[PDB]
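Peer 1: This block holds the first chain(s) of the complex, placed as they are in the complex; more will follow:
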Amino acid sequence: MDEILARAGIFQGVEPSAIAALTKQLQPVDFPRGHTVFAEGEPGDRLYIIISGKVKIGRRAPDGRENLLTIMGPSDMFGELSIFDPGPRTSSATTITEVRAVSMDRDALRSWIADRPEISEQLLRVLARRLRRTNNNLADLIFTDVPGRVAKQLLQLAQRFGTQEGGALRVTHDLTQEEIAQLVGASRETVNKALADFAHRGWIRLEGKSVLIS
């Protein structure tokens, strides 16, 4: 779907015809659930745009667990930074569900802006505006306690993958209890202990297959 692809942030503020000029040259790839798209340390020089599915972004923790950095879904990009500043990947990307995704490397990008200087300028604008959002995001997070930080992070994920259902956010998933444990990168006991606590304060109503967030 061209619309899904065109919603990517790398296309924000770009002429639909220049977006299309790039899109047409890209063929979708099929990734199975639990598939490692790229691991930390591996050379990184391409970005992915998701059409369907969810992808986990994470880094290695001292104990050997993988910290849930973020979760990207449809229209979302991952690995986009390596297109501008390539090199060894500082994070890993792993499919949470079955994914269909589009890829593009630096050559593609350079060949794309090769004829379209207007795009370099807009990319700077979008990237720089994104840095300002991420900056005061950090600022906001710094001046908050430990639990408050994690809460904020989870809230942002809810706001992104949740449907507005009467002053609340519904996030419907198709994951088994073990997959949810793999997603967070924590014990299955630690997860259920945390979910039990959030529910206790009325922040979470846990129904089968879905979660209702305040």
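Peer 2: Yep, it's here. Residues are numbered from 1 along each chain as shown, chains lettered A, B, ... in the order given.
Peer 1: hey, let's count contacts and neighbours off CA atoms from now on
Peer 2: Fine.
Peer 1: okay, which residue is most central for chain A?
Peer 2: Using Cα atoms, centre = their mean, the residue of chain A that lies closest to the mean C-alpha position is residue A:72, 2.3 Å off.
Peer 1: could you check the distance from that one over to residue A:124?
Peer 2: From residue A:72 over to residue A:124 the distance is 22 Å, taken as Cα to Cα, to the nearest Å.
Peer 1: Likewise for residue A:136?
Peer 2: Separation of residue A:136 from residue A:124 (Cα to Cα) stands at 19 Å.
Peer 1: Kindly report the same for residue A:162.
Peer 2: 30 Å.
Peer 1: same question, residue A:150
Peer 2: Distance of residue A:150 to residue A:124, computed by Cα to Cα: 30 Å.
Peer 1: ditto for residue A:26
Peer 2: From residue A:26 across to residue A:124, the span is 23 Å (Cα to Cα).
Peer 1: Repeat that for residue A:176.
Peer 2: For residue A:176, the distance to residue A:124 (Cα to Cα) stands at 41 Å.
Peer 1: repeat for residue A:80
Peer 2: 13 Å.
Peer 1: With residue A:86 instead?
Peer 2: Going from residue A:86 to residue A:124 by Cα to Cα gives 16 Å.
Peer 1: Which residue ranges of chain A form helices?
Peer 2: For chain A, the helices defined by DSSP state H cover A:2-6, A:16-23, A:106-113, A:117-142, A:146-161, A:177-184, A:188-200.
Peer 1: With mean neighbour count and distance to residue A:95 as new columns, can those helices be given to me in CSV?
Peer 2: Formatted as CSV, the helices of chain A follow (neighbours: other Cα atoms under 10 Å; distance: least, Cα to Cα, whole Å):
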stretch, mean neighbour count, distance to residue A:95
helix A:2-6, 16, 18
helix A:16-23, 15, 22
helix A:106-113, 15, 23
helix A:117-142, 13, 24
helix A:146-161, 14, 16
helix A:177-184, 16, 10
helix A:188-200, 13, 20
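Peer 1: while you're at it, add chain B from this line:
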Amino acid sequence: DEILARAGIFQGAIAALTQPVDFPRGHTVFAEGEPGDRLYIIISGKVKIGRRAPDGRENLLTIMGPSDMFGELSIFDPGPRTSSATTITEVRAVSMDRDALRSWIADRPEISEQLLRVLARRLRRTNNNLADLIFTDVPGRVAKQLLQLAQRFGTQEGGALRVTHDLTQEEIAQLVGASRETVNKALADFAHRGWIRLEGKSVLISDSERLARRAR
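Peer 2: So, slotting chain B in with the rest:
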């Protein structure tokens, strides 16, 4: 002269086409909120970049020395300065404005590739800090900060590399984003273990491997 080459913009000569200025100690290059237009690359000296917390307290973001660049956001996303830039010590730097930079780009689109690298890299580092803030403990973060300061301002001195940063133990606490009480406990803990030596504005990192094993 060789310092300019290490700058992010030129880290990718045709660069010789490169306004030099000298600032004194404690000089405020720009203030948080002022109209933001200029760009700055440091040749010699150190500059504190900070942003006020919601409570008014001045909070330290990053410390930058030679070959480092600050105030770039003002050129691409024009508007108020999001932060304040203060010179810790005497500083010699070169500046540029949006209209001056946009001209060099019109002539050579090659820089657009280097400019994007710099932004994309700042963006990545801010994302790493966000992950550290959540997944890395206070002592872990403290060690990680010292190790990052050593990469930029570290000179070997006998067995331990002396890392001069000219920062207060409270200013470090701001970099890490934790209470000064918890940060001080972490610093003393490292000192008592023989990992580091506290020298006022300087730190002697005796055991680098331990710190590295404490930051992961």
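Peer 1: Break chain A into its domains for me.
Peer 2: Chain A breaks down by curated CATH domains into domains covering A:1-144, A:145-214.
Peer 1: would TSV of the ones you listed with distance to chain B be doable?
Peer 2: Formatted as TSV, the domains of chain A follow (distance: least, Cα to the nearest Cα, whole Å):
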stretch	distance to chain B
domain A:1-144	5
domain A:145-214	7
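Peer 1: about what we covered before: dump the residue contacts of the residue nearest to the centre of chain A.
Peer 2: Applying Cα atoms under 8 Å, 6 or more residues apart in numbering or on different chains, we find residue A:72 in contact with A:50, A:54, A:55, A:56, A:57, A:78.
Peer 1: How about the contacts made by the residue nearest to residue A:177 when sequence neighbours are not counted?
Peer 2: Using Cα to Cα, 6 or more residues apart in numbering or on different chains and skipping residues adjacent in sequence, the residue nearest residue A:177 is residue A:188, 7.7 Å away. The neighbourhood of residue A:188, defined by Cα under 8 Å, 6+ apart, consists of A:177, A:178, A:181.
Peer 1: Quick one: the residues you listed as a markdown table, columns for distance to residue A:197 too.
Peer 2: Below are these laid out as a markdown table (distance: Cα to Cα, whole Å):
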| residue | distance to residue A:197 |
| --- | --- |
| A:177 | 17 |
| A:178 | 19 |
| A:181 | 16 |
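Peer 1: if we take those, which one ends up nearest to residue A:111?
Peer 2: Residue A:111 lies nearest to residue A:181 out of the contacts of residue A:188, by Cα to Cα, at 41.9 Å.
Peer 1: who's in contact with that closest one?
Peer 2: Neighbours of residue A:181 in contact, by Cα under 8 Å, 6+ apart: A:187, A:188, A:191.
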